[PDB]
Structures are given as structure tokens and as C-alpha cells.
Amino acid sequence: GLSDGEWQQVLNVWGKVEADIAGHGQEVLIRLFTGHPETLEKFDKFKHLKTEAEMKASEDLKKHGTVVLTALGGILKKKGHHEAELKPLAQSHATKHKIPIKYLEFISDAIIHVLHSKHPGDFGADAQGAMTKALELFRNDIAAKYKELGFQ
Ligand code: HEM
């Protein structure tokens, strides 16, 4: 649960992402894959990537970063009223991709890391607080659907 002022911060931060969605999406995925190499094994289409240089050169990885962040941005713009948008993603990630909730924690922290890396000094303490709460809400509502499905 976020206040109106917290949502305003979230959507202000998101404007930084929307100026370069592919560059942010690429870096989020690279941070996820290099920090937590077990996550790469869930992607049949990226498991061939052995080095970060190959990851950086991969246009398909940048494409997938765009898909991921476009979906997250659509959810965030709902300011918590995201049941219809979140349900299919929860279902696909539990039943088809088999993504443990832990990996959603990993990517949440990676988003925070990338924002500080690309906007040093321009991602303030209030903005970090609001973004973190928004990603926690997203993860918590996914977790509820995972529990319904019995997925661990
Ligand atoms: C911010 C969180 C994330 C969002 C919004 C997101 C969004 C999406 C979307 C929109 C798709 C394509 C449609 C679908 O299959 O449902 C996708 C595919 C996928 N997601 Fe996620 N995702 C997230 C986190 C993750 C994480 C943490 C992993 C694994 C570590 C992951 C693994 C996958 C995989 C394996 C695919 C299929 C890729 C393919 O082969 O084309 N997702 N995701």
C-alpha cells in the first residue's frame, strides 16, 4: 500500500526508465544474470551466453529487457490496481517458466542497483523508498497467486 505521494515518486523515477527502456532493461538483466548465474539457466534462449561481453552484445537480450520493463511499467502505472495485469504474469511464471519468488526478489534489487548506477546522485532516498515499496507490492501480490497454485 502506497500513498499518493509515493506513487508520484514511483512514476517520476519511471520516467527515467522510459527515456531509455532498452538500455535500462539490458542492464537489469545483465545485473541479474551475472549476480545470480542460476537465473540464466531458466532462459533456454540465453543459456548460451557465457561472458558478460556476449550478454552486452546480444540484441535479443536487449529485446527481452524491453518486454520485461514494458510489462512492469504497465503494472506500476496502475498504482496498485493491477489484478488483471498481474494474474497472467503470475500464472506464466509459476506454471510455465517455473520462476521461484526468490528470483523476483533478485530482480527487484537489481532494478534498484541499476537506477543508482545510471543516475548516481539523482535517485534520492525518498525515490528509493517509494520504488522499493512498489516492487514489494508487486512481489507480494505475485506471492499470493503462487500460494494459491502451490508453487514453490
Ligand atoms: C519485473 C519482473 C518481471 C516481469 C515484469 C517479467 C515479464 C515477463 C514477460 C512480459 C514475459 C513474456 C510473457 C510471458 O511469458 O508471460 C516474460 C517471459 C519470461 N520471464 Fe519474466 N518477468 C519478470 C521477472 C523474471 C525473472 C526474475 C525471471 C527468471 C529469473 C523471468 C523469466 C522469464 C522467462 C524464462 C521468460 C520466457 C522467455 C522466453 O523464452 O521467451 N522473469 N517475463
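Counting starts at 1 for both ligands and their atoms, following the listed order. Sequential numbering from 1 along the given sequence is applied to the chain's residues.
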> Considering residues at least two apart in sequence or located in another chain, which fulfil the side chain to side chain donor-acceptor pair (under 3.5 Å) criterion with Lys147?
Replying inline: none
> Who passes ring pair (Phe, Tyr, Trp, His ring centres under 6.0 Å) against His82, sequence neighbours left out?
Replying inline: none
What are the polar N/O contacts of ligand 1 with the protein below 3.5 Å, with distances?
from: ligand 1; atom 1: 15 (O); to: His97; atom 2: NE2; distance (Å): 2.8
from: ligand 1; atom 1: 16 (O); to: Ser92; atom 2: OG; distance (Å): 2.7
from: ligand 1; atom 1: 20 (N); to: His93; atom 2: NE2; distance (Å): 3.0
from: ligand 1; atom 1: 22 (N); to: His93; atom 2: NE2; distance (Å): 3.1
from: ligand 1; atom 1: 41 (O); to: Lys45; atom 2: NZ; distance (Å): 3.1
from: ligand 1; atom 1: 42 (N); to: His93; atom 2: NE2; distance (Å): 3.2
from: ligand 1; atom 1: 43 (N); to: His93; atom 2: NE2; distance (Å): 3.1

> So, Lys145 and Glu148, do they make that salt bridge, N to O below 4.0 Å?
Replying inline: no
> Are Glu54 and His48 linked by a side-chain donor-acceptor pair shorter than 3.5 Å?
Replying inline: no
Atom pairs and distances, donor-acceptor, side-chain atoms in residues 38-47, under 3.5 Å, two or more places apart:
from: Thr39; atom 1: OG1; to: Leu32; atom 2: O; distance (Å): 3.4
from: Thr39; atom 1: OG1; to: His36; atom 2: O; distance (Å): 2.7
from: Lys42; atom 1: NZ; to: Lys98; atom 2: O; distance (Å): 2.7
from: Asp44; atom 1: OD1; to: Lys47; atom 2: NZ; distance (Å): 2.8
from: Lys47; atom 1: NZ; to: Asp44; atom 2: O; distance (Å): 3.3

> Between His119 and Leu115, is any pair of side-chain heavy atoms under 4.5 Å apart?
Replying inline: yes
